[PDB]
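Just dropping in an experimental structure and the matching sequence.
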Amino acid sequence: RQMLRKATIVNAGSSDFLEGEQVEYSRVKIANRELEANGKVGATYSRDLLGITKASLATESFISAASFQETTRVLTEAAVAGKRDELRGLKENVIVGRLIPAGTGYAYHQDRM
Amino acid sequence: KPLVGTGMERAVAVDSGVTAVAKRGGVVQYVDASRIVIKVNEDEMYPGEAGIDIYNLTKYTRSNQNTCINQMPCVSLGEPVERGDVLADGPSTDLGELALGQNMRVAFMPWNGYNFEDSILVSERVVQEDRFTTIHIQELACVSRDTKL
Amino acid sequence: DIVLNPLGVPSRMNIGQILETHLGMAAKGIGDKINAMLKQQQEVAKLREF
Amino acid sequence: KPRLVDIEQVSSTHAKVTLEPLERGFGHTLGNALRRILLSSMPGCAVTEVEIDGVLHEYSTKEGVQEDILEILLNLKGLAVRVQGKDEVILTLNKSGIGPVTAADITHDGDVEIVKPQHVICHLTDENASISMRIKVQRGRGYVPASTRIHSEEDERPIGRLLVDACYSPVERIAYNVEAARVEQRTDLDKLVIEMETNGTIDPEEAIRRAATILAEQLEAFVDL
Amino acid sequence: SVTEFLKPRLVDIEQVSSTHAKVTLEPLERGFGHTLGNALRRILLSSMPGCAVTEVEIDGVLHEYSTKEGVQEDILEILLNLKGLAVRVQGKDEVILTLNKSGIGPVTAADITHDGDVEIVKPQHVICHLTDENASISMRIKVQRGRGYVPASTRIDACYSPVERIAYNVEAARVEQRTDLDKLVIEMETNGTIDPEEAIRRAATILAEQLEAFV
Amino acid sequence: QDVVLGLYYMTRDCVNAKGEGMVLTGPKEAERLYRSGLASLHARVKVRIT
Amino acid sequence: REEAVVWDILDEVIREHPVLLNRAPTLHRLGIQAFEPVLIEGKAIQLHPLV
Amino acid sequence: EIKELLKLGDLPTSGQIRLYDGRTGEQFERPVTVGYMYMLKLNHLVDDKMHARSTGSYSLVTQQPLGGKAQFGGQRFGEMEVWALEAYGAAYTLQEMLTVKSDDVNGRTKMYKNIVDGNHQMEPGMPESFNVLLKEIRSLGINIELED
Amino acid sequence: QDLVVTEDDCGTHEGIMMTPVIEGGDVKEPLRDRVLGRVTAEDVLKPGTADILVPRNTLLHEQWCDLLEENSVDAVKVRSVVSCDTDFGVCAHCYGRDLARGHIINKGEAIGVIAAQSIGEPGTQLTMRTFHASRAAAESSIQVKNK
Amino acid sequence: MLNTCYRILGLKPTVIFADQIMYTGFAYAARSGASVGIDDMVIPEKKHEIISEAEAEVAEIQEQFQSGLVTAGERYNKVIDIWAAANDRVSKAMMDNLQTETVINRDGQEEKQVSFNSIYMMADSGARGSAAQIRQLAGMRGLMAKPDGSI
């Protein structure tokens, strides 16, 4: 249920035709298009489903990616691609001394963010 | 000692070089704690001045793994000795037998689980008999000098 | 003196433990007898023959 | 009531006491209760502090002796003493020559009497040797190492007095037996036949009488409350 | 002195009702939580003088293994109901009594002739129940005197004890300048006509009585 | 190990034992079988279990 | 120098402040299980048999 | 051979004697096997494995404590126990080990101020050890500076 | 890593059906262990009445209700982590409810770590499987043991 | 049982149930006071029978090796299957001559029971491990293959 996320895009619009996008981008983009914004651009997404290594590579975090993977490449990658973190997940918070939403944390993170 | 032995013990301790091994055969002169001196009688040396074997017994000494090494006498005050007989037992050795540990009364039942998970009870008559006593010995060293004034 | 668990003995496997112990008693049971000959100050020929 | 009669006294060391009358749950009780009294709670006599003439610290080897100090420390632990007259006494072991060290050869000071003579403490090898041990003894109750003496100090000025693990208990072995019995004018009694071994440090009557009064002492509060 | 020690001290008792009790003891030496604890277990069971049912003659039944006309409870059940019934006697030694009862209703416990030197402690005890129609039973009960338990099997069941249950617990405790001391927490249940204090005080004095000869 | 076992070691259709079958109420039970003669295992005793 | 009074004062906090204990390898949510401290005069750490 | 020697010394063939307890006093239901195991002693005793140190000294690279069996009683946590710790639903018992009281020396020392009295409440800032992430990449020839 | 409970509940009422595997011969896996703590979307048992409810719980009590009575109904609709509306994190009614003290613990909780660790230690249990005829009678011909 | 405690009752009462299973369950382990002895366990007296049967059934095929009736590849398999048929037979002969062997008189005499000896009450109860473990100590040794994989 975690693996089944990445997808090849089907239809054309604001999304990039047939490129790589997650479930969290795909479903939200489809949903917002229906009955307010735009009908046609409402693009379907055909599934790209992987294993333990290749899927976990795709981190929205550039602090975190630059620790688990070959840091020979990824600290340099997060640097090269000029990528800016701005995430609210469990990866980045362990590292830079920020708060994880975990147990009681959630009660605070519901009030904070 | 082990009271359930095997048969190997007599060759091992002798060929170890740990225990005091008598090269030649005669009669013991002066047993001390420190050193055991032995008259040869049988052969006599090549140039002159009789045989006479001497053994400097090593006591309260150190090893690499932080322990005690003590050699201790066996044979009596003025007794005879043959070529290849143990005179002094080293540390954790006794009368041509390898001791290592000791002899223990052991039962095979639980005791409200004071033996839960392969654990051991022990009685106080173990510790009171002054059995498993050991010295863990440590080097505490110092260097001061090395200057140009 | 010491007390062990009987619970490890069948999970992983030792019968020598059983044999050494029952022979240890056997060794020391004959041993307990031989002392008494000297504890009573008896000795002479008998001790040899046992 | 029960009756403490009929003791098979075989030597000063060993003992075989019998008890003819005791009630139905009372052979097993006191029998087992006194097992756990006559082991921990046992006032006796043993070696504590000793000053060597020729040695200050242990871990050394004497000129003209086979046995090391650590060995001899333990030889002293197993030695049996009886004291009647004073509380604590200092004694001396003046000995010299070719011969094996017995046990008796001390100056028998005031009311000091030893029970066992054949104990091998040490051996002497050389001709004109000489040792003169200034031994000290204390009085206690249970088994005592040395750490508890260090905890409570104040006015302290000895170093030469080398310490020996103390063994304040007279009892070597404890075994109570229970068997059924017939007596004129009665129904059923559990006979307490008690098999005891002591180090030569206490006679069988005094030990039991003390253990009975010590029980009585503890049970005084129970009866009062 | 150098022979004396420190004696125990109770004064921490959890008193729940007249029947049950939960006593604690803060101080006792090593070797002395387990002793007395286990010694008194084997005192407070066999040597406990009380009063209980022994021999009984039924009016319409001779042998036990039968079924009565107009009662739910069997005889074997009722035998046990009688065993648990609690009696105190002061004057006499052994007495014969009768259970004259009849009608629509539950068998109480009071409806006996309160004889001479007989005092009962408990009135609400369900011994039996009587059913439809009137019914009638008149039990000629007999009692003896003893010390410990005697069953029916040995008699070629009597229950001579005020003690219901015995449980001593042993747990560790901390005191100032010391290593380990065994706290005797004693869980006791009585119902054989005796409050918890008197039983223990008697058992202590009975022990003292036996130990008087020893001393 | 020692937990599991103990419970069965007590809770078993035991062979005869000393007892045959003496009936008991409830509070009296545990004890009679702890007290004397009557073992702890037995098999077969009926009870007013509340 | 180590003292007798120190012990008595610290009998109070032990009930108020717990202990979190684990093995050298832990993988489950059954590693970091924590326990209320209780007074003992013995070096090697006593615990439950279930856990 | 066992039993003939057992026969020479007046001993049971079962090797099982029903013994009266020294504790309670009563005999066991079944006959307990007793023997002599010849138990022995081994090197890694209590002191070798037992360590516990509160506060004091620190390592030379980073503001963290030291390796082990030399100066400070560190005793590492590893990746395994962190994954454990996170799941135990606890934010503090992670942070205390990795921000409040390890990576920051001064984070301990401003909390040495806060603990004793009983005032409490947390303030970290930056976690010190991760500046070594930033700096070693800075020296690699890549640019890292806290902008925005 | 970062995949966790947030928010309230699943809006959509779709999911995967629950059956046994029914492997070859005898019952290797039953229905009883499968349903434990898994929410119902619609779920119609009987021949068209009511039985099971729109949001109510399949804890411990309603199981013996659906497993001792109405045994004929083998197939029942069940939700899943994928089968939800909100995509960031995941919705609570979808998963299931496997825990310690009280059934259903609070909102905002790890999940992804429960499984991955609870598959962590049994990663020691498996042993790579240690070194583990064509007769024309018993296998070609299908045989039944029970009535 | 603790399942059905914690499933029916709750949190307040179920702590009381589980505690004793330990404390008393350990107190229950010592009071029995069983044993670890040689005679505690009883191997079947017919050893030279099922083994020599296993020998002869194989020797029947081992004569088919020397002569010529079976094929060289299946010859190993038939010898193995015939040995392995008796391995289960000796284990079953063990398990039957162990578990259901009492023979005791209960008042009216002549009655069979479940034998509660040493390792049975380790195994039945379920201390740890299994029955295939116990069998080794007892009867037949477990077969270990060559370094390649075949036997």
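Nice, I can see it. Numbering: from 1, shown residues only, chains lettered A, B, ... in the order given.

Would you point out which residue of chain J is nearest chain I?
residue J:7 (5.2 Å; C-beta to the nearest C-beta). Where C-beta positions appear, they are placed from N, C-alpha and C, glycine not excepted.

what about that residue, neighbour count?
Each residue near residue J:7 was counted by other C-beta atoms under 10 Å in any protein chain shown, and the total is 13.

And residue H:127, by the same measure?
Residue H:127 has 21 nearby residues by other C-beta under 10 Å.

would you say the residue of chain J closest to chain I is within a helix?
Yes. Applying DSSP: H, G, I helix; E, B strand; the rest coil, one finds residue J:7 inside a helix.

is it true that it touches residue I:59?
No. Look at residue J:7 against residue I:59 with C-beta atoms under 8 Å: they stay out of range, at 9.2 Å.

Might you report the residue contacts of the spatially closest residue to residue I:23 that is not a sequence neighbour?
Closest residue to residue I:23 apart from its sequence neighbours, by C-beta to C-beta, 6 or more residues apart in numbering or on different chains: residue I:29 at 7.2 Å. Residues counted as contacts of residue I:29 (C-beta atoms under 8 Å, 6 or more residues apart in numbering or on different chains) are I:20-23.

try residue G:22
Taking C-beta under 8 Å, 6+ apart, one finds G:31-33, H:81, H:84 in contact with residue G:22.

how much space between the closest residue to chain D within chain C and chain A?
Relative to chain D, the nearest point of chain C is residue C:39 (10.4 Å; C-beta to the nearest C-beta). Distance from residue C:39 to chain A, counting by C-beta to the nearest C-beta, to the nearest Å: 72 Å.

And for that residue, the neighbour number?
Per other C-beta under 10 Å, the neighbour tally for residue C:39 reads 8.

and what of residue H:119?
If you count neighbours by other C-beta under 10 Å, residue H:119 ends up with 8.

Residue B:135 now?
When neighbours are defined as other C-beta under 10 Å, residue B:135 has 14 of them.

ok, now which ones touch it?
B:67-68.

sec struct for it, please.
coil.

and the angle for whichever strand or helix holds residue D:212 with helix E:34-41?
Element membership for residue D:212, per DSSP states H and E: helix D:204-224. Interaxial angle, helix D:204-224 versus helix E:34-41 (axes from the mean of the first three to the mean of the last three C-alpha atoms, to 10 degrees): 70 degrees.

For helix D:204-224, list every residue counted as buried.
Neighbour-count burial for helix D:204-224, counted by 16 or more other C-beta atoms under 10 Å in any protein chain shown, picks out D:204, D:207-208, D:210-212, D:214-216, D:218-219, D:222.

Name the residues that touch it?
D:4, D:7, D:9, D:15, D:17, D:33-34, D:37-38, D:41-43, D:170-171, D:194, D:196, D:198, E:3-5, E:7-10, E:32, E:36, E:200-201, E:204-205, E:207-208, E:211, E:214-215.

For burial, what's the neighbour tally of the residue lying closest to residue F:34 once chain neighbours are set aside?
Nearest residue to residue F:34, sequence neighbours excluded (C-beta to C-beta, 6+ apart): residue F:40, at 6.9 Å. For residue F:40, the count of nearby residues is 17 (other C-beta under 10 Å).

just checking, residue F:40 touches residue F:12?
No. Between residue F:40 and residue F:12 there is no contact under C-beta under 8 Å: 9.8 Å.

how far away is the residue in chain F that chain I sits nearest to from residue G:35?
Residue of chain F nearest chain I, by C-beta to the nearest C-beta: residue F:1 (19.3 Å). Noted for residue F:1: a distance of 21 Å to residue G:35, by C-beta to C-beta, to the nearest Å.

Kindly report the same for residue D:44.
For residue D:44 relative to residue G:35 (C-beta to C-beta), the value is 42 Å.

one step back: most neighbours out of the contacts of residue I:29, which is it?
Tallying neighbours with other C-beta under 10 Å puts residue I:20 at the head of the contacts of residue I:29, with 15 neighbours.

hang on, residue A:66 is in a helix, isn't it?
Yes. Assigned with three-state DSSP, residue A:66 falls within a helix.

residues in contact with it?
In this structure, residue A:66 makes contact with A:74-75, A:77-78, H:133, judged by C-beta under 8 Å, 6+ apart.

Show me the two of those that sit farthest apart.
Spatial extent of the contacts of residue A:66 (C-beta to C-beta) is set by the pair A:77 and H:133 at 14.2 Å.
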